[PDB]
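Basis: the model, the stated rules and, where named, an outside source; none is laboratory data. So basically every Cβ, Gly included, is an ideal-geometry build from the backbone, and we count neighbours across all protein chains shown.
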Ligand SMILES: Nc1ncnc2c1ncn2[C@@H]1O[C@H](COP(=O)(O)OP(=O)(O)O)[C@@H](O)[C@H]1O
Ligand SMILES: Nc1ncnc2c1ncn2[C@@H]1O[C@H](COP(=O)(O)OP(=O)(O)O)[C@@H](O)[C@H]1O
Ligand SMILES: Nc1ncnc2c1ncn2[C@@H]1O[C@H](COP(=O)(O)OP(=O)(O)O)[C@@H](O)[C@H]1O
Ligand SMILES: [Mg+2]
Ligand SMILES: [Mg+2]
Ligand SMILES: [Mg+2]
């Protein structure tokens, strides 16, 4: 293969550690309320600014291949943490560096870095246990706004708007975030099944106010094929006029004689029908019509395999919806009736799809957004006066959103970094099997102090004074680095979801403890 | 051809030896419980970490073409050893270096390196003989877990889970290894004939609990062609309703009027049929349907075999299975009856297939899991917090698995490196034909000491002290380098499969003794 | 054309001589039992190891274009020798260098290198004459194993296995060599029947890689008459093929409706039939089909004669073959089963026929009947623990094979190099026409000593002492360089085929004597 060059021992370790230390030093300035931003040059456009640890970490590759190895491993840590939790990234980075340094330094000739790894892993298991003991599950929706506001670097309006969206959509509902054109944030809430297709004919309109067709207690007909009929349409109308209900028809297109029947029966006798095009993109529309089928209760006509033909309809083959509103541009269906088991089955199917499907043909979320919650879906239109600002703010809101979900699903624990600090006594009551494992437990024991001391160091104060003052003080009190003084943590609102504190530590220790086991590194020649 | 440059004698030998020594020095740090890991840069991704001798060895090519020649030969050793046995690789490398150095040094004018090679090979035959004498075939299922745990670098949970899988699937059954998404290891066991295809219609469902089609004592119909027409489907249903058994139908597709008959006859007069698509990949599906055919006892219709049409079936042309379970995603058959002679014939055919074919279109293994699944198969899903960790652990698990199969199929012998040390007296009772052969036997005699001394050296202790203390000690005793003291080897569980110990030595000596014969080296100019 | 650069006289001669001397020096270390190997870098893979003079010679091109000219001419010599004889390559190289050096040195102003060439060629003719006088044709099959073992560099097992194969296949039978997977050598002997007739239709093809019909455990149908028949047999034998085996059909011709049924049943439901014309000419084909009948076990149909009729077949009336392969031009059958007693009876009939028949048209066919019957070819599956070892051993085996064939077809003469040494007195009784020719004869006279002194020099001994000791000694005695002492040559088994000794010398002198004629060299600019 490619010509290569190899390096042995603490010499090479010092290089990889140089890379780790560089990347960590770049990431760590963002940490906490008094943290600061990092500008990253973009190849094509104007530069990004970010406070996100992981986005800083991924941006830094290094010319020196060994230092680049270290860097790649640390950004591996920050990326794993961001994927598994969505916050706690800077923390995972500084933790990873601390474990890597304290690891590397303690190795000698007699030492056994694999066994030391075993010891640190023991120590982190023991720590996350005590973390779970410390966890108190979220209750009041004030705590939601607190977790959000703290994860958004002190922006109260962010955690307010997130609290509102999460209230109006539900704690495990769908919230998504995108750019506003407005200079301020907006919360929009959509309920139903909305998609961007409008009535084929103006003649379908019911209300002269808004120019909408508005229906309630309506039927739905779903056709995967065109309806140029053939009059495969008529039984579907006879069946509708029979039970005196309005009928909405969704199809690849509805035209030829079909449309003529539709707008003749609409304009003369006062029949209640609308026809709209399928959401429409090839193989995607098939999946969408199957979604609306499953949600509204009923079945899709045309070719899947077993073909259900339009001539032979039954009322149980249609669909049933609480309300429907259609305009020139878009169609919304509301309160559709079907098996809730079958719909949640469907959502469980699409999430497990998108999760494996590294495709970035992300309309699968547009599907997931469509097959609607419980209580609905929320769009977060972020404002600001400039694109770079918008990207910063949106990074922070995405962080706060992921943080709130982690909080509701696992728990909340003390902020500052105190949650990791309080776990040290749990390490003090450990029973190491040998010197190596003891070294590991010592490494974790030192490493736990780091996040709090770093948040304080960014404040411009003597962080390691503050860590020890916190340790001498009671369990409920910690350091408010923004206000610059000690306070009750949970009372003052400074709190972190337990899931992020767990995942940051687990990932960081997980990769760094493996890094410390290295004795020889092999790299490509420039 | 290409312009070239040539070198003569001990100078070139010293260069090639420099290459050998470099690569060997890189691989050898991994050896034993106190061994250490090697990081290797990947071109596209984050770097690999490994304790695997072969993956270290293959990763190192060298700029100096002569040193690269040495390196390539050593990679030949490690790769041959990994292919033929799957462990014992680091050992094969250090052995190969020892034979190469001790070989090169002993060369002079009057000397005859070919004959020295002959003496070395004599010595290797003589040692592996005594190794086979030392071998004690495995008995208790504690010993498998011991061999696994030692081959997995001291991870007891690995050898436990391997012991469990090997118990529940059998000692020569199929175990396979893959990534978990879970942070922990999992053992899953599949029984039957599973494949990833589901019922064509929901209407086939019978149990409503899980939403499965569940059958017992069922028939199987196998069609390699599509089944649209009624005419070729109906008699197969008449014969099924006749003998009052459920019928599962596997086909390229079930589609036209056939399907309509199927779910109509399903929904009324409660007939018990299910239909599923063929596992489905062109020429692969043919082989799969033939597998399921012979396994369930019976024949495939639509084949280029053949002379058999779907209209003329007989109950002896179908299939017979103890139980069947089908879902939206997958289909499982469990206790199908057919000639065990004929199915083991089939498995004997596929192993002899895959063994010849180097094309990594590993569906041939996907076949092997399926038709061997009527004993069972185990998937070992390895956990961890990060991909690099997962690749390391999985490397170790694959090592331990190959080691356990080598142990059950050939035998077990003393671990540490003692098994080779104990064979030295067998060399002492040899009768060399001439000085050259005597030099060879001396080379092997020195070389046997190496693996134990290296495992001790990695521990941070005086390895060659330990070798002599072991040699002075009794046959049953060796050095526990992890515990850092001497012990009964077999009692303490430190044992190596004989197959890896024979194959490492045989390969290493095999190429290195050839390397020592060189007098002139010819290389391309840069 | 391309810009060029030219050089004049003994300067350019000295450069070309530098190239010759380099390549020769690289090749010459391989010579004899105490010779040594040459490693050659491969561009794509792991390096080659070899003892083959020609493969060393072809591997060496040179940057200096003049030296490269010399090198190209010497590898021309080694390649010509390898093509024409298959051994004796290093010998041809050292001979060529000796003639080139001794040639170049003797050139002056008054000298006429063309005439010197004439003298050299005279000397070589005179030498090969006396060589042919010395040749004693091989008799005992011990001599075969001797020639093989010596040409295989002392591997007794090689010459044993070659002796066995040559006994069991015949001295002018087919032996071929290929890689084993076994760690040991294997002799396999296959028996077959090739003849020059191909499938009647392309539609019969069953491989797509190449254009063959390939079958294994097949049946054979033998018809002395044409098969143009309807379903009055073709199905009745096909119906016999119930218990599914592939079918080969050999007939005077197969056409009309028969063929249509054949390629209909072939093209629709993939039935396994092939049909080929009888080997075919008049009364000869009758005897041939009876031969194939007796060999494959079974009977000829259509024999009128009277008469087994084609309508009345039984499976015991067909034929049974381990394998059958072929394409458009020829037909090959492999491992046919029948009574070996009846086959040896048949061969005993053909020889006793052949011995007495008038006059010499029939015996040309009677030979072909014999050599198409009574067949085998030997496959030499070479073992070893690694690909490079296998390639080395295979080089040596192919060398020994070509050497044995040269020995059986031309003769054997003294080994060591003594066969050339004994020819010197024949040069002593020459009558040169002028000084130039005398220079040539002197050049050959010196050159003959070279191979023996070189084999001794590789041993580490004073080669030119040994040459003169041999010359002082009797004709039957020479130097055993492996045993390190003088012995009777033929008695100890050290012997070389006369053909290789002839061809090495003839080629070497042929090219080198032309090289010595050069006065101006013209080469491309870098
Ligand atoms: N006012 C504050 N006083 C003390 N600690 C704070 C305050 N605000 C935020 N923090 C701490 O800062 C940390 C969050 O830092 P952040 O920049 O979000 O890093 P990450 O992106 O890794 O989560 C939390 O652990 C939180 O406890
Ligand atoms: N606790 C232990 N004490 C002493 N020797 C050990 C111990 N564990 C493993 N060994 C020995 O060390 C060797 C491990 O080799 P390993 O590092 O797995 O590389 P490979 O198996 O690829 O050569 C085995 O031969 C084994 O006998
Ligand atoms: N034991 C031996 N004693 C003397 N000469 C030997 C012996 N074995 C082989 N030779 C000689 O070595 C010569 C060269 O053989 P080899 O090394 O295979 O190269 P080549 O390709 O020229 O045959 C042969 O002429 C043969 O007679
Ligand atoms: Mg944050
Ligand atoms: Mg191992
Ligand atoms: Mg030879």
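Please tell me if residue A:6 is part of a strand (DSSP E or B) and touching a strand residue (DSSP E or B) at 6+ places or on another chain (Cβ under 6 Å). In short, yes.
Yes/no matrix, rows are residues, columns are (1) under 30 Å from residue A:394 (Cβ atoms); (2) within 15 Å of ligand 4 (Cβ to nearest atom):
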{"position": "A:72", "(1), (2)": "yes, no"}
{"position": "A:82", "(1), (2)": "yes, yes"}
{"position": "A:92", "(1), (2)": "yes, yes"}
{"position": "A:105", "(1), (2)": "no, no"}
{"position": "A:116", "(1), (2)": "no, no"}
{"position": "A:122", "(1), (2)": "no, no"}
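Mind checking whether some residue in the stretch B:45-53 is surrounded by 24 or more Cβ atoms within 10 Å (Cβ to Cβ) and without any contact (Cβ under 8 Å) to a residue 24 or more places away in the chain? For the stretch B:45-53, residues surrounded by 24 or more Cβ atoms within 10 Å (Cβ to Cβ) and without any contact (Cβ under 8 Å) to a residue 24 or more places away in the chain: absent.
Could you identify the single residue in B:393, B:372 that is within 14 Å of chain A (Cβ to nearest Cβ) and either within 16 Å of ligand 2 (Cβ to nearest atom) or surrounded by 19 or more Cβ atoms within 10 Å (Cβ to Cβ) (or both)?
Details: B:372 fails: within 14 Å of chain A (Cβ to nearest Cβ).
So the residue among B:393, B:372 that is within 14 Å of chain A (Cβ to nearest Cβ) and either within 16 Å of ligand 2 (Cβ to nearest atom) or surrounded by 19 or more Cβ atoms within 10 Å (Cβ to Cβ) (or both) is B:393.
Is it fair to say residue B:34 is surrounded by 23 or more Cβ atoms within 10 Å (Cβ to Cβ), away from ligand 6 (no atom under 16 Å from the Cβ) and not in a helix (DSSP H, G or I)? It is true that residue B:34 is surrounded by 23 or more Cβ atoms within 10 Å (Cβ to Cβ), away from ligand 6 (no atom under 16 Å from the Cβ) and not in a helix (DSSP H, G or I). Of the candidates B:328, B:393, the single residue that is in contact with a strand residue (DSSP E or B) (Cβ under 8 Å, 6 or more places away or on another chain), more than 21 Å from residue B:299 (Cα to Cα) and not assigned by CATH to the domain that holds residue B:150 is B:328. Just one of the listed residues (B:259, B:221) is surrounded by 20 or more Cβ atoms within 10 Å (Cβ to Cβ) and either part of a loop (DSSP other than H, G, I, E, B) or within 11 Å of another protein chain (Cβ to nearest Cβ) (or both), and it is B:259. Beta carbons closer than 8 Å, at least 6 apart along the sequence or on distinct chains, never pair a first residue in the stretch B:343-362 that is part of a loop (DSSP other than H, G, I, E, B) with a second that is loosely packed, with under 13 Cβ neighbours inside 10 Å.
With the structure loaded, tell me whether residue C:463 is within 14 Å of chain B (Cβ to nearest Cβ) and either more than 32 Å from the chain's Cα centre (by Cα) or more than 16 Å from ligand 6 (Cβ to nearest atom) (or both) or whether it fails that test. Even if it seems obvious, please write down each step before you answer.
Details: within 14 Å of chain B (Cβ to nearest Cβ): yes; either more than 32 Å from the chain's Cα centre (by Cα) or more than 16 Å from ligand 6 (Cβ to nearest atom) (or both): yes.
When the stated conditions are applied, residue C:463 passes them.
The residues of the stretch C:148-172 that are under 16 Å from the mean Cα position of the chain (by Cα), assigned to a helix (DSSP H, G or I) and surrounded by fewer than 20 Cβ atoms within 10 Å (Cβ to Cβ) amount to a single one, C:169.
Exactly one residue out of B:178, B:194 is under 30 Å from residue B:268 (Cα atoms) and in contact with a strand residue (DSSP E or B) (Cβ under 8 Å, 6 or more places away or on another chain), and it is B:194.
Given the criteria part of a loop (DSSP other than H, G, I, E, B) and more than 21 Å from residue A:286 (Cβ to Cβ), does residue A:176 qualify? Show your work before the answer.
Working: part of a loop (DSSP other than H, G, I, E, B): no; more than 21 Å from residue A:286 (Cβ to Cβ): yes.
In short, no.
The set of residues from the stretch C:262-308 being in contact with a helix residue (DSSP H, G or I) (Cβ under 7 Å, 6 or more places away or on another chain) and within 14 Å of another protein chain (Cβ to nearest Cβ) comprises C:266, C:267, C:271, C:273.
Looking at B:436, B:375 in this structure, which one is outside any loop (DSSP other than H, G, I, E, B), touching a residue at least 40 places away in the same chain (Cβ under 8 Å) and in contact with a helix residue (DSSP H, G or I) (Cβ under 8 Å, 6 or more places away or on another chain)? Give the steps one after another, and end with the answer.
Numbers: B:375 fails: outside any loop (DSSP other than H, G, I, E, B).
None of the other options fit; the residue is B:436.
Would you say residue C:426 is under 24 Å from residue C:399 (Cβ atoms) and more than 16 Å from ligand 1 (Cβ to nearest atom)? Spelling it out, it is not the case that residue C:426 is under 24 Å from residue C:399 (Cβ atoms) and more than 16 Å from ligand 1 (Cβ to nearest atom). For the stretch A:107-128, a residue qualifies if it is more than 14 Å from chain B (Cβ to nearest Cβ) and surrounded by fewer than 19 Cβ atoms within 10 Å (Cβ to Cβ), and exactly one does: A:126. Step by step: first the residues of the stretch C:1-31, then only those that are within 11 Å of chain B (Cβ to nearest Cβ) and either on the phi > 0 side of the Ramachandran plot or free of Cβ contacts under 8 Å to residues at least 40 places away in the same chain (or both), then the one that is surrounded by the most Cβ atoms within 10 Å (Cβ to Cβ). Which residue is that? Top of the filtered list is C:26.
Which helices (runs of 4 or more DSSP H) does the stretch B:47-142 wholly contain that include 2 or more residues that are in contact with a strand residue (DSSP E or B) (Cβ under 8 Å, 6 or more places away or on another chain) and more than 30 Å from residue B:431 (Cα to Cα)?
Numbers: elements: B:53-58, B:65-84, B:89-106, B:113-134.
Of the helices (runs of 4 or more DSSP H) lying wholly inside the stretch B:47-142, those with at least 2 residues that are in contact with a strand residue (DSSP E or B) (Cβ under 8 Å, 6 or more places away or on another chain) and more than 30 Å from residue B:431 (Cα to Cα) span B:53-58, B:65-84.
Of the residues making up the stretch C:71-106, those that are buried (at least 24 other Cβ atoms within 10 Å of the Cβ), within 14 Å of chain B (Cβ to nearest Cβ) and within 16 Å of ligand 6 (Cβ to nearest atom) number 2. Kindly indicate whether residue B:145 is within 16 Å of ligand 2 (Cβ to nearest atom), free of Cβ contacts under 8 Å to residues at least 24 places away in the same chain and not assigned by CATH to the domain that holds residue B:480. It is true that residue B:145 is within 16 Å of ligand 2 (Cβ to nearest atom), free of Cβ contacts under 8 Å to residues at least 24 places away in the same chain and not assigned by CATH to the domain that holds residue B:480.
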